[PDB]
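Asker: When you get a sec, could you give me coordinates for this:
(chains A and B, ligands or ions: 1)
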Amino acid sequence: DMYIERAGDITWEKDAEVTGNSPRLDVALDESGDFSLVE
Amino acid sequence: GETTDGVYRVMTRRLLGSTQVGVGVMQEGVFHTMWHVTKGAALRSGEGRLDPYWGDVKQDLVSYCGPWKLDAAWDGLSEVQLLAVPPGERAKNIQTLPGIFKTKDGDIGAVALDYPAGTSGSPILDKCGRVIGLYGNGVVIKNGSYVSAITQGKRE
Ligand SMILES: CC(=O)NCc1ncc[nH]1
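Answerer: Residues are numbered from 1 along each chain as shown, chains lettered A, B, ... in the order given. Take a look at the structure below.
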C-alpha cells in the first residue's frame, strides 16, 4: 500500500551546486519502456 | 489528503520499515510520477485515495486524479535543475547542462546525474521553475555512469 508525503516546493535555486556532463548518445526505446545504447 | 502543489515522496510499508520507492509532482490537482515507481497501483494521501487516470509503460509515465498537466519543454540550450528527492534525505537542487538521447523518432534531453533508484520521478526544471520532465528512466553508458532521459508527457 503506497502513500505520498510532501517533500517541498518546486522552485529553481539560485547558486545551486552545478555538476554532470552532457553526453550525446544514440539510443533505442523498446515497447517495455527500456532505453538501450545503439552501437 | 494533501493536494498542495509540489514534490512528494512515494513510500511503501510492504517491505522492511517504510521504504521510498520514488517521487512525483502534484500540479493542478493531478499527481504525476513514472510508471515503474507505482506499476499503476492506487496511492494513499493521508486518509484520501488517488486513483490512476492515465498511464503508458513505453513512455514510463502515469497520472492520478486527472490527465497529465506538465507541458514545458527543455529549450535545447540552457542548464536545468534536477530537484532530487533522495530516500531519507532533504530535497536538493542540482544544476546541469543536459546531453541528448538521439533516437529514430527524434532527440530527447538527458541528464547525467546518478541518484538512488528511489529518486525516480524527481522533477527536472527550467529557469522559470516549470517542470520539463521527470528523472529516472535511462541508460548506463561505457564509463558505467547513469544518464536519465528528461521524460515529459503530453498535455491533451
Ligand atoms: C535503467 C534505469 O533507468 N535505471 C533506474 C534509475 N537508477 C537511478 C535512477 N533511476
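
Asker: Next, count neighbours for residue B:154.
Answerer: Burial of residue B:154, expressed as a neighbour count using other Cβ atoms under 10 Å in any protein chain shown, amounts to 12. For the C-beta atoms, the positions are set from N, CA and C on the backbone; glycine is no exception.

Asker: my bad, residue A:20
Answerer: Under the neighbour criterion other Cβ under 10 Å, residue A:20 is assigned a count of 19.

Asker: ok, now which ones touch it?
Answerer: For residue A:20, the contacting residues are B:94, B:96, B:97, B:111, B:112, B:113, by Cβ atoms under 8 Å, 6 or more residues apart in numbering or on different chains.

Asker: where's it, which helix or strand?
Answerer: According to DSSP states H and E, residue A:20 maps onto no helix or strand at all.

Asker: For it, which non-adjacent residue is spatially closest?
Answerer: In space, and not counting its chain neighbours, residue A:20 is closest to residue B:96: 3.7 Å by Cβ to Cβ, 6 or more residues apart in numbering or on different chains.

Asker: next one: residue B:156
Answerer: Closest residue in space to residue B:156, ignoring its immediate chain neighbours: residue B:67 at 5.4 Å, by Cβ to Cβ, 6+ apart.

Asker: Pretty sure the one you found sits against residue B:54.
Answerer: Yes. The pair residue B:67 and residue B:54 qualifies as a contact (Cβ atoms under 8 Å) at a distance of 5.6 Å.

Asker: more neighbours, these two?
Answerer: Relative neighbour count places residue B:54 above the other of residue B:67 and residue B:54, with 17 against 13, counting by other Cβ under 10 Å.

Asker: any idea what that one is structurally, helix, strand or coil?
Answerer: Applying DSSP: H, G, I helix; E, B strand; the rest coil to residue B:54 yields a three-state assignment of strand.

Asker: Tell me what it is bridged to.
Answerer: Listed beta-bridge partners, residue B:54: residue B:63 (assigned using DSSP bridges).

Asker: Pull the contacting residues for it.
Answerer: By Cβ under 8 Å, 6+ apart, residue B:54 lies in contact with B:62, B:63, B:67, B:68.
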